[PDB]
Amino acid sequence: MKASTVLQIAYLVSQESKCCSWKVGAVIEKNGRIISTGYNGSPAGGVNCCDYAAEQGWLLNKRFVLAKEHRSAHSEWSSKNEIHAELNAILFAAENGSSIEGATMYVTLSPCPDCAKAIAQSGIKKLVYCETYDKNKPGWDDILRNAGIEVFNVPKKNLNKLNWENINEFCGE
């Protein structure tokens, strides 16, 4: 399917995320059909990010945003509690038994180093993203290209089938 189409599907998927910092969505497409999806969040039996941020007082009203002064505390907690969108999409394929070899991954946000190295080793041959992650540095995609993975970008401006008024991505103050 068209890149703009799947990317926007990844954006709808991201809305299911309970993370108070960023809402990320990932879609795995094989031969034109979606065979897996994922969004960033905690595992089973684990408290959701938004609920934990509430208890910790990391949020600020108007509709809650993660306070800049607490983003650091969120990153530390998230690193060891929230599975990223890309990995969740891949994890479901392993758990369900769906081969993603040769597939294409669409993700709302450019993958962090942990996700990039996993993607490079997953069998995925193409990665398409929209926004560039907050904490990413230049050349972050080298590991993907060296693995033989094509990396493409589609700007938000080409995505006009979504009512952006109701799509939340970055949720920090």
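Numbering starts at 1 and follows the sequence shown.
- Missing deposited residues between residue 62 and residue 63: 10 or more, all without coordinates in the entry.
- Judged by mean Cα B factor in the deposited record, 161-169 ranks above the other of 161-169 and 17-25.
- In this entry, 70-78 has the higher mean Cα B-factor, the comparison being between 70-78 and 86-94.
- Among 104, 36, 132, 122, the highest C-alpha B-factor in the deposited entry belongs to 132.
- Between the residues 31, 40, 136, 108, the entry's highest C-alpha temperature factor is the one at 136.
- Ranked by Cα temperature factor within the chain, residue 154 sits in the highest third according to the deposited record.
- For residue 144, the recorded CA temperature factor ranks within the middle third of the chain's modelled residues.
- Per-chain ranking of the deposited C-alpha B factor places residue 44 in the highest third.
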